[PDB]
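A lone chain, given as C-alpha cells: the form deposited in one PDB entry.
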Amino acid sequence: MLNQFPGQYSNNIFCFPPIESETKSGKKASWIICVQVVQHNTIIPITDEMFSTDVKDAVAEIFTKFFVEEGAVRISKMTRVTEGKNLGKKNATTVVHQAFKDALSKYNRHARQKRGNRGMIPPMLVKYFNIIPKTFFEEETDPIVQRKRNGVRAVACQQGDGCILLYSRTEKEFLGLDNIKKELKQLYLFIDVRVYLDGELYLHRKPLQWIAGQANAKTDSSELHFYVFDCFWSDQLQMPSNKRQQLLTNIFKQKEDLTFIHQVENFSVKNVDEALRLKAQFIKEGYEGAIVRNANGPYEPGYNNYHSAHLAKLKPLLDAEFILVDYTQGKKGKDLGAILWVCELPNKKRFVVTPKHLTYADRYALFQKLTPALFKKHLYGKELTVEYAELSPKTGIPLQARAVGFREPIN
C-alpha cells in the first residue's frame, strides 16, 4: 500500500527515514526528504487512491530538511510535481505515486559518498585549479607532478571473498572491466591485500565520451587500461602523499609485466615553472594536464564531494564566443524560474549555458521581465563568451560550459 515506503506518516506529510552522515569536523548531520499534497494552498490527507487517481488542482511538493546536530535547520524550496510520466503507457504514474518514487530515488542515491557501502572509500578530489599554493614548496620534501588523463576515475580494492571491487567516485561499482580486474587479481597475490589502488580508467587517443561509455556499460570491449596514481589503506589515512607514492612504486616492481595496469609516472619539482613546463609537455603528448600533490598531504576521501587542498590540477581553460539565440528556464526547485541562455553553432545546433556571476535574485528577474519582443531588440544575435573544458567531439558543443559575459557588455 502506502507503507511500501520506509518512514512515518504524520501531519499530512510523509518523511523518509533520516540518513545521517558525519561532517569533516567529526560532527553528526541529519537529512530528511519529505512529500506533501497541496491543493489550492492547503495541505491534505495521505490516501492510497492518490496512487490510483489524481485529485484536481492537486500537486505534490517535495522538499528537503537538512540540519546539523541541532544547529540551524534548512527547508528546501519545494519541487512541484505537476504531472506524472509515461501516462499513456502501462507504466502511468499518477502525480503522487510518481512524487513518492521521485523522493524514494533520492533516498537510495543520497546514501553513498557518506560515512557508512560494502566498505568503499570515496576517492580524493583536487581543490585548486591552475593554482599552486606556495606552501607546497615550503616543506621538507618537494611536491610531485604527474600527468592527468581525461578519463573516468576508479578505485580498486580486494574484498574479503577475494573478488576485485572496482568502484567510481560516487561509490558505484564498475561492471565488466574484466581484463583490468583479471590483472588486478593477479597483482593482489603479491601485495598487502588491504590496500586500495587509486587511478583513472583510460585509453590514450580516445575521447572522454568513449571512455565514459565503456565504464558505465554492463558489457564491455575490454580495451581500457587502469593508470594508478595513488594508493591508501583504510587504516593509515594520514600517511603523507610522499610516502604513499613510494610504496606504490614498489607495488609495481612486484610485477613489471602487465598490459592494462600501469603506474602513473611521478616527477619531482622545486618551483612553479617546473610544473608548468611539465604541464606544457603533457598536453603536447596528448594528455589533459598535470596534477601537483603536496609531499606531506594525507588522503582526504571525497565525502560529500570534499576537495583536498593538498592537490592541484593545471589544465587549459578554454574560451570562445557563441551566438545567443534564445532564453529559457530551469525546471526544479531553486532553479525553477532562473534564466538560462541558448546559444547556437555554425552548424546551427543549439545548447544551453548557465550564466555566471548572476544572483538567483537577478536570474528570476531576467526571466520574468524579458519578452520575445524585448529580447529581440537587445540580446538576439549578440556574442556570448563561454568558458569550457573541451568541445564535444561529435557536435562541437562546448561541454562543461559557463557564460561569463558578452563581448559587447549589457545588463
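Take the two forms, superpose them, and find the largest set of C-alpha atoms that agree within 1.5 Å; that set is the rigid core. Residue numbers run from 1 along the displayed sequence. Shifts are known only where both forms have a C-alpha.
Below: the form deposited in another entry, not depicted.
> Following superposition of the rigid core, which of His262, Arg80, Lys127, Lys243 is the only residue with a C-alpha displacement of 2 Å or more between the shown form and the other one?
Replying inline: Only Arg80 moves by 2 Å or more at its C-alpha.
> After the core is matched up, is the C-alpha of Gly337 off by 2 Å or more between the shown form and the other one?
Replying inline: For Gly337, whose C-alpha is compared between the shown form and the other one after core superposition, the shift is 2 Å or more.
> With both forms fit on the core, is the shift of the CA atom of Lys106 between the shown form and the other one 2 Å or larger?
Replying inline: Result for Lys106: yes, a 2 Å-plus shift.
>> On a rigid core superposition, would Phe322 pass a 2 Å threshold for CA movement between the shown form and the other one?
In response: Moves: yes, 2 Å or greater.
>> What direction does the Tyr388-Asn130 Cα distance move in that other deposited form compared with the shown chain, closer or farther, given a change of 3 Å or more?
In response: It is closer: in that other deposited form, the C-alpha atoms of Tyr388 and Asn130 lie at least 3 Å nearer than they do here.
> Do the C-alpha atoms of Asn304 and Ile75 sit closer or farther apart in that other deposited form than they do here, given a shift of 3 Å or more?
Replying inline: Relative to the shown form, the pair is farther apart.
> When the two are fit on their core, where are the runs of 3+ residues whose C-alphas each shift at least 2 angstroms between the shown form and the other one?
Replying inline: Moving stretches, in sequence order: 1-115, 318-393, 395-411.
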